[PDB]
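We begin with a single chain expressed as C-alpha cells, specifically the form deposited in one PDB entry.
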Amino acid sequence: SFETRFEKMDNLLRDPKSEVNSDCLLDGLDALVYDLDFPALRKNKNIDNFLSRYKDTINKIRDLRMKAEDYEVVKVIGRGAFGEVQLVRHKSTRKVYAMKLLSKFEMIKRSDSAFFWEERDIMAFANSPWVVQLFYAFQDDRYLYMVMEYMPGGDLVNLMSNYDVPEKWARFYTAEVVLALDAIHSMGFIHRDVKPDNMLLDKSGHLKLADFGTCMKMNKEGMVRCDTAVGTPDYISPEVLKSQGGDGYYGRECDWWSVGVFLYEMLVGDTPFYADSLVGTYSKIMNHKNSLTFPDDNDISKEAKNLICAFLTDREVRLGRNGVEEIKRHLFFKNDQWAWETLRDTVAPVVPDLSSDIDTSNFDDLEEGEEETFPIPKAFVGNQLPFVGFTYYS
C-alpha cells in the first residue's frame, strides 16, 4: 500500500532508536568525504566529481552540527583504555557536562570497533536514576564524543581510599549496586564489568553505573555465548575467566560474583584474589574454594562473611541464581535505616560538599603523551565506516 509505505518511511527518519535516523544519515555523507578526500583516490573521475559537489556543503554542515570546539575543557577527571573523560562547559548554554572521547585509531588498530553501541543505547534510553544519562553523542575524523551527566561525588575507589568505610556504609552502597544491576538485567543486559571505578556518585551522594562498554544483550533464556573473557583481572568471575571457543556459556550470575568482590574490598581494604603478578590472580580465582581467606582481625560481621561467601562460589551454588529477591532476603541487608523500595530517596552516607558547578575535589588530579593518527591511504579503506550512525541529540 502507498499510504502505509510513507507512514513507515517517515517513522524511520525521526525515531531516535532508528539505524537510518536523520542524524545517522549525515554520518554517512560525512564519513564518505573523510575517507575519499585524498590525492590517490581523487584520481578516480567518480570520487573527484562527488567531492567537488559535496565538500563545499559538508564543511558548512561540520560547523553547524555539534563539535568538540563548542565545549570548554575545564579539567581531565578520568582516563581509560581508548580515551579520557573531561569536565566540560558548553560555550553557548554554559551547561556543565562530563565528556568521554574515544580514539578512532586505537579502536581500528585493536579491532574493538563495536563496544560503544550498547553503551550508547543504554545511557541514552535507560530512563533509570541508576544509569548516568547521555545527552549528546557526536564525532569527528579522530574521536567519538559522549556528552554525559556529570557526577560531582566522584568514583567509589576514591571513597574507600579517602574514608575508612564502616559496615553501615558498606550495607548501603552494596544494596544500591544490587538495585542498579537489576535495572540493567531488566533491559536484558549482563554488565560483565562491575567494579568501584565504574560506580559514580551524584550531587546527593547516590550510586549510578557509568561504563556500559562491556554490556551484552541476554538471550530469551537469560544466557550469553562468548569466546572471549571480558572484565577486570581482580573483579572477573571464574566461569567468564575461562570463557574460550566452545566453552563460553554464562548468565547474569557472573555480575553477582563482582558484587561479593566489591563488598570484600569495601570492608577488608584489598581485593580478595590480589596477587603481585597478574597470572597469580587468575589462579586464585579458579581456586576460590581454598584461596578466599578473611583477615584474623575483624571489624566485619558473620552475615557480611556469609554474603561474601554466598557470592564467591561456583555459579551453580552462587547467590542470586534464583532471582534478585534471593539476595534482598539475605540477613546482611536487614536494617532499621532504609527500605529496598525507597533506598535512593534516603540520605546517603557521604553527601558531596560542592562550592561551584565545576567542583572537582572528589576527582584526583591527572596529567593532561602524544597519540598516533591514520596514515594516508593509497586506496579506499573506509576507516570512518564502523562509526557511521553514532551521532545522537534527543
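Here the rigid core means the biggest group of C-alpha atoms that line up within 1.5 Å when the two forms are laid on top of each other. Residue numbers here begin at 1 and follow the sequence given.
Heads up, the form deposited in another entry isn't pictured, but that's what we're talking about next.
The Cα shift for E167 between this form and the one not shown, taken after rigid core superposition, is 2 angstroms or larger. Once both forms are overlaid on the rigid core, the distance between the two CA positions of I327 between this form and the one not shown is 2 angstroms or more. After superposition on the rigid core, the Cα of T342 moves by 2 Å or more between this form and the one not shown.
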